[PDB]
Every structure is written in structure tokens, then in C-alpha cells.
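To be precise, the following lines are my_file.pdb, and they hold PDB, C-alpha atoms and all ligand atoms.
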ATOM      1  CA  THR W   2      16.232  -8.659   7.903
ATOM      2  CA  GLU W   3      14.543  -6.744   5.075
ATOM      3  CA  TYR W   4      10.928  -6.505   3.847
ATOM      4  CA  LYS W   5      10.172  -5.482   0.267
ATOM      5  CA  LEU W   6       6.824  -3.675   0.104
ATOM      6  CA  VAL W   7       4.889  -2.350  -2.900
ATOM      7  CA  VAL W   8       2.142   0.292  -2.656
ATOM      8  CA  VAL W   9      -0.440   0.056  -5.472
ATOM      9  CA  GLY W  10      -3.779   1.700  -6.228
ATOM     10  CA  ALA W  11      -5.504   4.278  -8.413
ATOM     11  CA  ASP W  12      -3.925   7.677  -8.947
ATOM     12  CA  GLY W  13      -4.650  10.242  -6.246
ATOM     13  CA  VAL W  14      -5.587   7.793  -3.450
ATOM     14  CA  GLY W  15      -2.585   8.729  -1.280
ATOM     15  CA  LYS W  16       0.103   6.193  -2.170
ATOM     16  CA  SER W  17       2.836   8.883  -2.098
ATOM     17  CA  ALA W  18       1.528  10.706   0.983
ATOM     18  CA  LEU W  19       1.273   7.420   2.934
ATOM     19  CA  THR W  20       4.809   6.373   1.956
ATOM     20  CA  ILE W  21       6.342   9.738   2.882
ATOM     21  CA  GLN W  22       4.337   9.873   6.109
ATOM     22  CA  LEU W  23       5.942   6.541   7.051
ATOM     23  CA  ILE W  24       9.466   7.387   5.855
ATOM     24  CA  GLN W  25       9.807  11.096   6.700
ATOM     25  CA  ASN W  26       6.906  11.570   9.166
ATOM     26  CA  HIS W  27       5.328  14.569   7.419
ATOM     27  CA  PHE W  28       2.252  15.060   5.202
ATOM     28  CA  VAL W  29       2.975  16.037   1.584
ATOM     29  CA  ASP W  30       0.508  18.503   0.036
ATOM     30  CA  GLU W  31       1.703  17.852  -3.511
ATOM     31  CA  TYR W  32       3.876  15.088  -4.947
ATOM     32  CA  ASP W  33       4.202  14.541  -8.715
ATOM     33  CA  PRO W  34       1.615  11.780  -9.493
ATOM     34  CA  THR W  35       3.874  10.381 -12.234
ATOM     35  CA  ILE W  36       6.917   9.906  -9.973
ATOM     36  CA  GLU W  37       7.647   6.332  -8.889
ATOM     37  CA  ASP W  38      10.488   5.761  -6.421
ATOM     38  CA  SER W  39      11.610   3.387  -3.669
ATOM     39  CA  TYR W  40      12.234   4.382  -0.041
ATOM     40  CA  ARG W  41      14.165   2.591   2.718
ATOM     41  CA  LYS W  42      13.880   3.040   6.477
ATOM     42  CA  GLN W  43      15.043   1.066   9.500
ATOM     43  CA  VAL W  44      12.102   0.429  11.834
ATOM     44  CA  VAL W  45      11.377  -1.738  14.857
ATOM     45  CA  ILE W  46       8.278  -3.921  14.461
ATOM     46  CA  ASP W  47       7.194  -5.851  17.563
ATOM     47  CA  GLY W  48      10.734  -5.491  18.937
ATOM     48  CA  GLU W  49      12.447  -6.707  15.757
ATOM     49  CA  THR W  50      14.647  -4.212  13.931
ATOM     50  CA  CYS W  51      14.239  -4.519  10.153
ATOM     51  CA  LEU W  52      14.769  -2.588   6.896
ATOM     52  CA  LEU W  53      11.627  -1.617   4.972
ATOM     53  CA  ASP W  54      12.115  -1.286   1.203
ATOM     54  CA  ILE W  55       9.012   0.349  -0.244
ATOM     55  CA  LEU W  56       8.196   1.040  -3.888
ATOM     56  CA  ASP W  57       5.643   3.871  -4.250
ATOM     57  CA  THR W  58       4.086   3.020  -7.635
ATOM     58  CA  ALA W  59       2.849   5.570 -10.166
ATOM     59  CA  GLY W  60       1.781   3.139 -12.896
ATOM     60  CA  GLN W  61       3.707   4.739 -15.758
ATOM     61  CA  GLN W  62       4.460   3.204 -19.151
ATOM     62  CA  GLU W  63       8.246   3.652 -19.382
ATOM     63  CA  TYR W  64      10.174   0.441 -18.667
ATOM     64  CA  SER W  65      11.764   0.319 -15.210
ATOM     65  CA  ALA W  66      14.076  -2.549 -14.230
ATOM     66  CA  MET W  67      13.519  -1.537 -10.597
ATOM     67  CA  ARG W  68       9.712  -1.704 -10.954
ATOM     68  CA  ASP W  69       9.896  -5.242 -12.407
ATOM     69  CA  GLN W  70      12.391  -6.309  -9.722
ATOM     70  CA  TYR W  71      10.030  -5.111  -6.957
ATOM     71  CA  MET W  72       6.980  -6.728  -8.551
ATOM     72  CA  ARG W  73       8.850 -10.024  -8.991
ATOM     73  CA  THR W  74      10.632 -10.092  -5.622
ATOM     74  CA  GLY W  75       8.072  -8.029  -3.688
ATOM     75  CA  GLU W  76       6.991  -9.793  -0.500
ATOM     76  CA  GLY W  77       3.826  -7.835   0.306
ATOM     77  CA  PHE W  78       1.436  -5.292  -1.256
ATOM     78  CA  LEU W  79      -0.598  -2.375   0.083
ATOM     79  CA  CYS W  80      -3.760  -2.016  -2.046
ATOM     80  CA  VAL W  81      -4.977   1.547  -1.475
ATOM     81  CA  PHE W  82      -8.265   3.251  -2.238
ATOM     82  CA  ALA W  83      -9.694   6.489  -0.858
ATOM     83  CA  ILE W  84     -12.925   6.361   1.199
ATOM     84  CA  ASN W  85     -14.197   9.464  -0.636
ATOM     85  CA  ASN W  86     -13.470   7.958  -4.063
ATOM     86  CA  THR W  87     -15.836   5.197  -5.245
ATOM     87  CA  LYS W  88     -13.937   4.654  -8.513
ATOM     88  CA  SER W  89     -10.700   3.948  -6.599
ATOM     89  CA  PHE W  90     -12.479   1.241  -4.579
ATOM     90  CA  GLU W  91     -13.950  -0.315  -7.764
ATOM     91  CA  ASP W  92     -10.390  -0.440  -9.185
ATOM     92  CA  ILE W  93      -9.020  -2.531  -6.285
ATOM     93  CA  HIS W  94      -9.852  -5.798  -8.095
ATOM     94  CA  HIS W  95      -7.605  -4.824 -11.032
ATOM     95  CA  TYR W  96      -4.628  -4.394  -8.677
ATOM     96  CA  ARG W  97      -5.326  -7.664  -6.873
ATOM     97  CA  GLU W  98      -5.520  -9.595 -10.167
ATOM     98  CA  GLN W  99      -2.263  -7.957 -11.324
ATOM     99  CA  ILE W 100      -0.529  -8.991  -8.100
ATOM    100  CA  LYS W 101      -1.821 -12.589  -8.282
ATOM    101  CA  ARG W 102      -0.541 -12.911 -11.874
ATOM    102  CA  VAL W 103       2.881 -11.442 -11.018
ATOM    103  CA  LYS W 104       3.323 -13.787  -8.048
ATOM    104  CA  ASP W 105       1.451 -16.677  -9.709
ATOM    105  CA  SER W 106      -0.301 -17.358  -6.386
ATOM    106  CA  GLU W 107      -3.486 -16.770  -4.381
ATOM    107  CA  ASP W 108      -1.507 -16.487  -1.126
ATOM    108  CA  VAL W 109       0.304 -13.162  -1.505
ATOM    109  CA  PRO W 110       0.674 -11.005   1.669
ATOM    110  CA  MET W 111      -1.581  -8.011   1.084
ATOM    111  CA  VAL W 112      -3.376  -5.344   3.091
ATOM    112  CA  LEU W 113      -6.400  -3.393   1.860
ATOM    113  CA  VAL W 114      -5.984   0.259   2.831
ATOM    114  CA  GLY W 115      -8.831   2.775   2.973
ATOM    115  CA  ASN W 116      -7.129   6.176   2.926
ATOM    116  CA  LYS W 117      -8.342   9.760   3.620
ATOM    117  CA  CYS W 118     -10.476   8.683   6.660
ATOM    118  CA  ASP W 119      -9.938  12.306   7.916
ATOM    119  CA  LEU W 120     -12.488  13.429   5.289
ATOM    120  CA  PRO W 121     -16.274  13.530   6.030
ATOM    121  CA  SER W 122     -17.486  12.996   2.438
ATOM    122  CA  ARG W 123     -17.258   9.182   2.690
ATOM    123  CA  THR W 124     -18.795   7.186  -0.180
ATOM    124  CA  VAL W 125     -17.155   3.818   0.570
ATOM    125  CA  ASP W 126     -18.500   2.471   3.870
ATOM    126  CA  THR W 127     -16.438   0.415   6.345
ATOM    127  CA  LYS W 128     -18.685  -2.635   5.877
ATOM    128  CA  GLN W 129     -18.153  -2.654   2.092
ATOM    129  CA  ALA W 130     -14.347  -2.668   2.402
ATOM    130  CA  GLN W 131     -14.421  -5.192   5.267
ATOM    131  CA  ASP W 132     -16.535  -7.474   3.053
ATOM    132  CA  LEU W 133     -14.098  -7.109   0.143
ATOM    133  CA  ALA W 134     -11.115  -7.681   2.461
ATOM    134  CA  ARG W 135     -12.851 -10.742   3.921
ATOM    135  CA  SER W 136     -13.505 -11.988   0.337
ATOM    136  CA  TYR W 137      -9.770 -11.844  -0.380
ATOM    137  CA  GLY W 138      -8.933 -13.178   3.095
ATOM    138  CA  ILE W 139      -6.701 -10.179   3.880
ATOM    139  CA  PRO W 140      -6.678  -7.454   6.623
ATOM    140  CA  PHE W 141      -8.355  -4.075   6.052
ATOM    141  CA  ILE W 142      -6.928  -0.920   7.672
ATOM    142  CA  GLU W 143      -8.347   2.627   7.661
ATOM    143  CA  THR W 144      -5.725   5.360   7.314
ATOM    144  CA  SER W 145      -5.133   9.089   6.998
ATOM    145  CA  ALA W 146      -1.801  10.185   5.497
ATOM    146  CA  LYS W 147      -2.910  13.608   6.732
ATOM    147  CA  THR W 148      -3.181  12.821  10.465
ATOM    148  CA  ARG W 149      -0.917   9.722  10.529
ATOM    149  CA  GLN W 150      -3.897   7.698  11.646
ATOM    150  CA  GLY W 151      -3.245   3.989  11.033
ATOM    151  CA  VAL W 152      -0.120   4.614   8.929
ATOM    152  CA  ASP W 153       2.251   2.489  11.027
ATOM    153  CA  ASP W 154      -0.523  -0.091  11.474
ATOM    154  CA  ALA W 155      -0.989  -0.433   7.685
ATOM    155  CA  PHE W 156       2.685  -1.056   6.907
ATOM    156  CA  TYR W 157       3.335  -3.048  10.090
ATOM    157  CA  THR W 158       0.309  -5.298   9.498
ATOM    158  CA  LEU W 159       1.691  -6.120   6.056
ATOM    159  CA  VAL W 160       5.044  -7.107   7.593
ATOM    160  CA  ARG W 161       3.136  -9.399   9.985
ATOM    161  CA  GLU W 162       1.353 -10.857   6.949
ATOM    162  CA  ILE W 163       4.780 -11.484   5.364
ATOM    163  CA  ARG W 164       6.095 -13.198   8.533
ATOM    164  CA  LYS W 165       3.045 -15.527   8.573
ATOM    165  CA  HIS W 166       3.692 -16.463   4.931
ATOM    166  CA  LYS W 167       7.368 -17.165   5.709
ATOM    167  CA  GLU W 168       6.234 -20.307   7.546
TER     168      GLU W 168
HETATM  169  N1  LIG T 201      -7.526  14.725   3.251
HETATM  170  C1  LIG T 201      -6.550  13.896   2.851
HETATM  171  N2  LIG T 201      -5.890  14.159   1.726
HETATM  172  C2  LIG T 201      -4.951  13.227   1.443
HETATM  173  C3  LIG T 201      -4.633  12.103   2.176
HETATM  174  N3  LIG T 201      -3.603  11.409   1.557
HETATM  175  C4  LIG T 201      -3.337  12.105   0.477
HETATM  176  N4  LIG T 201      -4.101  13.235   0.357
HETATM  177  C5  LIG T 201      -4.081  14.186  -0.757
HETATM  178  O1  LIG T 201      -4.539  13.506  -1.911
HETATM  179  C6  LIG T 201      -3.822  13.960  -3.093
HETATM  180  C7  LIG T 201      -3.186  12.809  -3.846
HETATM  181  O2  LIG T 201      -2.147  12.193  -3.043
HETATM  182  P1  LIG T 201      -0.877  11.390  -3.591
HETATM  183  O3  LIG T 201      -0.063  10.987  -2.403
HETATM  184  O4  LIG T 201      -0.176  12.159  -4.669
HETATM  185  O5  LIG T 201      -1.572  10.124  -4.301
HETATM  186  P2  LIG T 201      -1.065   8.962  -5.292
HETATM  187  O6  LIG T 201      -1.420   9.406  -6.687
HETATM  188  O7  LIG T 201      -1.758   7.691  -4.882
HETATM  189  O8  LIG T 201       0.437   8.877  -5.099
HETATM  190  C8  LIG T 201      -2.881  15.067  -2.602
HETATM  191  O9  LIG T 201      -3.526  16.319  -2.790
HETATM  192  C9  LIG T 201      -2.700  14.733  -1.117
HETATM  193  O10 LIG T 201      -2.364  15.873  -0.352
HETATM  194  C10 LIG T 201      -5.333  11.834   3.387
HETATM  195  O11 LIG T 201      -5.185  10.889   4.175
HETATM  196  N5  LIG T 201      -6.305  12.799   3.643
HETATM  197 MG    MG T 202       2.128   9.417  -6.005
END
Once more with this new file: its structure as C-alpha cells, please.
Amino acid sequence: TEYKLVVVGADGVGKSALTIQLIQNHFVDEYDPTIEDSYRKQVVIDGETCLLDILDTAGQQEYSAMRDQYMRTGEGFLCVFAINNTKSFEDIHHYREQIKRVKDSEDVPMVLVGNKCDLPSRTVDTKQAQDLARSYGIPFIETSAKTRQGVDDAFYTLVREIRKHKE
């Protein structure tokens, strides 16, 4: 049983760091912001062993058959902003609209992720994101790629969203 996951959001929010933290269980200081790649890992989620197939997006212009394939056949999306980055939060709607158009549906499994919670300089409050998440009817999860806080929860919640959708 496989789950095909796509991580989207503005550049610099932590899409790469979150993916690598899940896959390789370390925090990456620098990862080329223009590199888009997929990552696979066998995980156990609520006692069910599955394969996660995750595309870490970089939003480049060059055609990628893989990118298209993941957008078309992708089962769930992580929409990521950073809590210290107001612009990244404002951009969330763009990503949501993109996803809805790709999937031609309102009911796409999706989790709103507020990354960099380890930082004190918060400009996007919890209530704001909760309200947005509620508006979309999707779960919101606070994360830190840096400390691993909520990293499993974010990806695992999305899988649970996918399972719900499956019936
Ligand atoms: N403090 C902090 N820095 C983070 C966190 N996640 C990522 N970063 C840093 O934010 C920058 C951008 O991260 P990256 O994973 O390349 O973002 P992407 O452009 O969305 O792929 C890098 O300098 C990371 O080290 C986090 O949870 N906390
Ligand atoms: Mg990246």
C-alpha cells in the first residue's frame, strides 16, 4: 500500500527540510531551493506498513514528466507556510487553488502546515491559520523541521486524510 504525497508552498518555508527530516531524520541547513525530487520511505502508520512517495516541489519552469505525474496522481498535499513569514501564509490560497484545479475537486486530502514553530519571531498567529484551515475544512499542524516537532504528525495526518477519502 502506497501513498503519493506532494509538498507545496512558497520558497524558503521548509519544504525540503521537512521532507528530509521525515525521510532521513536529520535537519538540513542548506538545500538548493531550485531542486525538486521525490523520496520514498517505508513507514508504519497506526500499525499499517506503507510506502510514502513524496515529491518535494521547487516550483521551477522546466518541464518535468515526474512533476506532472505526481500532480495528476497525487493523493494528498502538504501546504506549507512559515509562522515567521507573513507573505508565505498569504500565498497559501494560490497553492490551494492550483491543487483544486489539478484534481478538479473541492475534496482533495490536504494538510495546512505552519513550519518554523521553533522561532520566536512569529507573525502568523495560531488562530489565523486555524481559521484558514477551518475555512478549507482541512487539518492544521504546527511543525519544526529543526526540532522534528510535529513532522510525523503532519505527514501521518495527511495519510489519514487520504484513507478517509478512500471511502
Ligand atoms: N528555524 C528553522 N529554520 C528552518 C526550519 N525549516 C527550515 N528551516 C530553514 O529555512 C531555510 C529554507 O528551507 P528549505 O527546506 O530550503 O525550504 P524550501 O524552499 O521550502 O524547500 C533553510 O535555511 C532551513 O535551514 C524550521 O523548522 N526552523
Ligand atoms: Mg527546497
Around all the atoms of range 80-88 of chain W listed in the file, draw an axis-aligned box and extend it by 4 Å on each of the six sides; I want its centre and edge lengths in Å to one decimal, as AutoDock Vina command-line options.
--center_x -9.8 --center_y 3.7 --center_z -3.7 --size_x 20.1 --size_y 19.5 --size_z 17.7
Residue nearest ligand LIG 201 (chain T) - candidates W:48, W:60, W:138, W:77, atoms counted: all atoms listed in the file: W:60
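Minimum atom-to-atom distance to ligand LIG 201 (chain T), evaluated using only C-alpha atoms and all ligand atoms, belongs to W:146 out of W:51, W:111, W:146, W:84.
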Selected residue, from W:90, W:24, W:101, W:5, that lies nearest to residue 163 in chain W when counting all atoms listed in the file: W:5
Selection: 10 Å around residue 91 in chain W, all atoms listed in the file, excl. self and same-chain fewer than 3 positions, as a ChimeraX atom specification: /W:11,82,86-88,94-95,125
Preceding selection exported with C-alpha atoms as a PDB file, in the frame of the given file:
ATOM      1  CA  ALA W  11      -5.504   4.278  -8.413  1.00  0.00           C
ATOM      2  CA  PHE W  82      -8.265   3.251  -2.238  1.00  0.00           C
ATOM      3  CA  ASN W  86     -13.470   7.958  -4.063  1.00  0.00           C
ATOM      4  CA  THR W  87     -15.836   5.197  -5.245  1.00  0.00           C
ATOM      5  CA  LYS W  88     -13.937   4.654  -8.513  1.00  0.00           C
ATOM      6  CA  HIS W  94      -9.852  -5.798  -8.095  1.00  0.00           C
ATOM      7  CA  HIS W  95      -7.605  -4.824 -11.032  1.00  0.00           C
ATOM      8  CA  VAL W 125     -17.155   3.818   0.570  1.00  0.00           C
TER       9      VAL W 125
END
Test item: residues at most 8 Å from residue 12 in chain W, all atoms listed in the file, excluding those fewer than 3 positions along its chain, as a list in words: residues 15, 34 and 59 of chain W
Protein and nucleic acid residues within 7 Å of ligand LIG 201 (chain T) (only C-alpha atoms and all ligand atoms) as number ranges by chain: W: 10-19, 29-34, 59, 116-120, 144-148
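Taking CA of residue 126 in chain W and CA of residue 56 in chain W as endpoints, the distance between them is 27.8 Å.
On the file presented, the PyMOL selection byres (((chain W and resi 79) around 7) and not hetatm) picks out residues 7, 8, 9, 78, 80, 81, 111, 112, 113 and 114 of chain W.
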Atom pair CA of residue 155 in chain W / CA of residue 142 in chain W: separation (Å): 6.0 Å
Test item: the PyMOL selection byres (((chain W and resi 166) around 12) and not hetatm) resolved as a list in words: residues 76, 77, 107, 108, 109, 110, 111, 159, 160, 161, 162, 163, 164, 165, 167 and 168 of chain W
Separation of CA of residue 92 in chain W from CA of residue 36 in chain W, in Å and rounded to one decimal: 20.2 Å
Closest of W:2, W:50, W:58, W:25 to ligand MG 202 (chain T) - atom-to-atom distances counting only C-alpha atoms and all ligand atoms: W:58
Within 12 Å of residue 69 in chain W using only C-alpha atoms, minus same-chain residues under 2 positions, as a PyMOL selection string: chain W and resi 7+56+58+60+63-67+71-75+100+103-104
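Candidate residues W:38, W:47, W:143, W:132 were compared for distance to ligand MG 202 (chain T), and the nearest is W:38, using all atoms listed in the file.
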Among listed residues W:152, W:135, W:57, W:39, nearest ligand MG 202 (chain T) (using all atoms listed in the file): W:57
Since the input lacks some atoms of range 129-146 of chain W, please model N, CA and C atoms and print them as a JSON list (two decimals), in the coordinates of the input.
[["chain", "number", "residue", "atom", "x", "y", "z"],
["W", 129, "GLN", "N", -18.44, -2.28, 3.47],
["W", 129, "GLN", "CA", -18.15, -2.65, 2.09],
["W", 129, "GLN", "C", -16.71, -3.14, 1.96],
["W", 130, "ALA", "N", -15.77, -2.35, 2.48],
["W", 130, "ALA", "CA", -14.35, -2.67, 2.40],
["W", 130, "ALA", "C", -14.02, -3.91, 3.23],
["W", 131, "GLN", "N", -14.62, -4.03, 4.42],
["W", 131, "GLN", "CA", -14.42, -5.19, 5.27],
["W", 131, "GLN", "C", -14.85, -6.45, 4.52],
["W", 132, "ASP", "N", -15.97, -6.36, 3.80],
["W", 132, "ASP", "CA", -16.54, -7.47, 3.05],
["W", 132, "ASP", "C", -15.61, -7.87, 1.91],
["W", 133, "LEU", "N", -15.05, -6.87, 1.22],
["W", 133, "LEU", "CA", -14.10, -7.11, 0.14],
["W", 133, "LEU", "C", -12.83, -7.76, 0.71],
["W", 134, "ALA", "N", -12.32, -7.19, 1.81],
["W", 134, "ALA", "CA", -11.12, -7.68, 2.46],
["W", 134, "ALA", "C", -11.32, -9.13, 2.90],
["W", 135, "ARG", "N", -12.47, -9.40, 3.52],
["W", 135, "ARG", "CA", -12.85, -10.74, 3.92],
["W", 135, "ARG", "C", -12.88, -11.69, 2.72],
["W", 136, "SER", "N", -13.38, -11.21, 1.57],
["W", 136, "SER", "CA", -13.50, -11.99, 0.34],
["W", 136, "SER", "C", -12.14, -12.46, -0.14],
["W", 137, "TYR", "N", -11.14, -11.59, 0.04],
["W", 137, "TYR", "CA", -9.77, -11.84, -0.38],
["W", 137, "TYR", "C", -9.02, -12.60, 0.71],
["W", 138, "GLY", "N", -9.53, -12.52, 1.94],
["W", 138, "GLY", "CA", -8.93, -13.18, 3.10],
["W", 138, "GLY", "C", -7.73, -12.41, 3.63],
["W", 139, "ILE", "N", -7.80, -11.07, 3.54],
["W", 139, "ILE", "CA", -6.70, -10.18, 3.88],
["W", 139, "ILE", "C", -7.20, -9.15, 4.89],
["W", 140, "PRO", "N", -6.30, -8.53, 5.70],
["W", 140, "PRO", "CA", -6.68, -7.45, 6.62],
["W", 140, "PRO", "C", -7.04, -6.16, 5.90],
["W", 141, "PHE", "N", -7.99, -5.42, 6.48],
["W", 141, "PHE", "CA", -8.36, -4.08, 6.05],
["W", 141, "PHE", "C", -7.99, -3.06, 7.14],
["W", 142, "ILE", "N", -7.37, -1.94, 6.73],
["W", 142, "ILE", "CA", -6.93, -0.92, 7.67],
["W", 142, "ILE", "C", -7.29, 0.47, 7.15],
["W", 143, "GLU", "N", -7.98, 1.26, 7.99],
["W", 143, "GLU", "CA", -8.35, 2.63, 7.66],
["W", 143, "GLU", "C", -7.20, 3.57, 8.04],
["W", 144, "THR", "N", -6.86, 4.48, 7.12],
["W", 144, "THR", "CA", -5.72, 5.36, 7.31],
["W", 144, "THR", "C", -6.07, 6.80, 6.96],
["W", 145, "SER", "N", -5.24, 7.72, 7.48],
["W", 145, "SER", "CA", -5.13, 9.09, 7.00],
["W", 145, "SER", "C", -3.65, 9.47, 6.93],
["W", 146, "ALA", "N", -3.13, 9.62, 5.71],
["W", 146, "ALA", "CA", -1.80, 10.18, 5.50],
["W", 146, "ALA", "C", -1.72, 11.57, 6.14]]
